[PDB]
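For reference, the structure is listed below as structure tokens.
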Amino acid sequence: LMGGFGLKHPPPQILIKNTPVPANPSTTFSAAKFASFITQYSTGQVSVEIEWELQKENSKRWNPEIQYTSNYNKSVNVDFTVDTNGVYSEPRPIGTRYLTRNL
Amino acid sequence: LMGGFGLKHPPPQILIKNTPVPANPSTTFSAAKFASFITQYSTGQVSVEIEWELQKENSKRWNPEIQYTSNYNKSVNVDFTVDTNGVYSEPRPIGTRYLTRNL
Amino acid sequence: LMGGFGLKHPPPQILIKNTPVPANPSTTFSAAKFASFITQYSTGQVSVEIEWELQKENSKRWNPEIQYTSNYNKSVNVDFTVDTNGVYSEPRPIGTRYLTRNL
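Chains as they are written, first to last, in the authors' numbering: chain A, 633 to 735; chain A', 633 to 735; chain A'', 633 to 735. A prime marks a further copy of an entry chain.
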């Protein structure tokens, strides 16, 4: 109901966790679990590559169609572009329904 | 200079003419040429089939581009469409330069 | 117009960038982008190997030609050489037009 593709078997959850590296244990045995760990974080790169099937249009429509366009009118910032502080912003929600089809 | 394709050998001229069908000549010989012809015209259909080579675009441009679109704002007549009298009209000249390319 | 070789397809741009390595994120989730990165730079070596085609001269000229030469007159510094501070300098612009050819 939020829009999208209903999948009985969706793309699976990809779960990630730093392995606990303990600090130095006591030189005598303690049966209690470790509460002291070396503080650490991880970083790295992640790649997703999705292949999408397209459905081309076969309209015999004469007049031109509504399409998503940028405006040529000047502005302080180009849409879908970083500003002078390096902050990327998206100005408006772009839906996907621009071409037409007869019922 | 009016725009278009300069061709040393352009598509050739296709010339068409009704053959003169004379009216009844005099029953005696006259060496003068015929000035009296049966009034007639011709009609028919004409087909031109041109194949055009395209040049697809390879821009790595991030932001959206200016494109030719119809406006969705309502009007008494749809653009590039006959009116109530059956008269087809073209409202504006459409040029061909809408995509961009770097120098 | 600044001189040189006009190329429709020139040698391509070679673009280089340090990958951002973040500092430690907050232990709670924040949907804001990272503004804190580990300060780092890179260094290394770069090699360019260009092959040049030459065009040898076939003059039947009798007298000797103007050529680019160094002067033998003594000076505090040799031309196109570091000074006592290790600073390399080029004393004059050397053009390439020294041999002659008839029109």
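Note that CB positions come from ideal geometry on N, CA and C, so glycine has one too.
Identification of chain A residues near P696(A') by a Cβ-Cβ cut-off of 8 Å yields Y700, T701, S702, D711, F712, ordered along the chain.
Nearest CB-CB separation between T660(A) and chain A'': not below the 8 Å threshold.
Contacts with chain A at 8 Å (Cβ-Cβ) do not include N650(A''). Look at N717(A''): its C-beta is not under 8 Å from any C-beta on chain A. Interface criterion met: the Cβ of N656(A'') is under 8 Å from a Cβ in chain A. Scanning chain A'' for C-beta atoms nearer than 8 Å to the C-beta of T675(A) yields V653, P654, reported in chain order.
Inside the region 635-661 of chain A', DSSP marks no whole alpha helix (DSSP H) run of 4 or more residues. Rounded to the nearest whole angstrom, the C-alpha separation of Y730(A'') and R693(A'') is 14 Å. Contact between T732(A) and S691(A) is confirmed by a C-beta separation of about 7 Å, below the 8 Å threshold. Straight across, the Cα-Cα distance linking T728(A'') with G635(A'') is about 11 Å. If the five residues before and after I726(A) are omitted, its C-beta is found closer than 8 Å to the C-beta atoms of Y700, all from its own chain and listed in chain order.
When rounded, the separation of the alpha-carbon atoms in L647(A) and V719(A) is 29 Å. Pairing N695(A') with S679(A) gives a Cβ-Cβ distance that is not under 8 Å. Between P652(A'') and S668(A''), the CB-CB gap reaches or exceeds 8 Å. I682(A') places its beta carbon 8 Å or farther from that of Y704(A).
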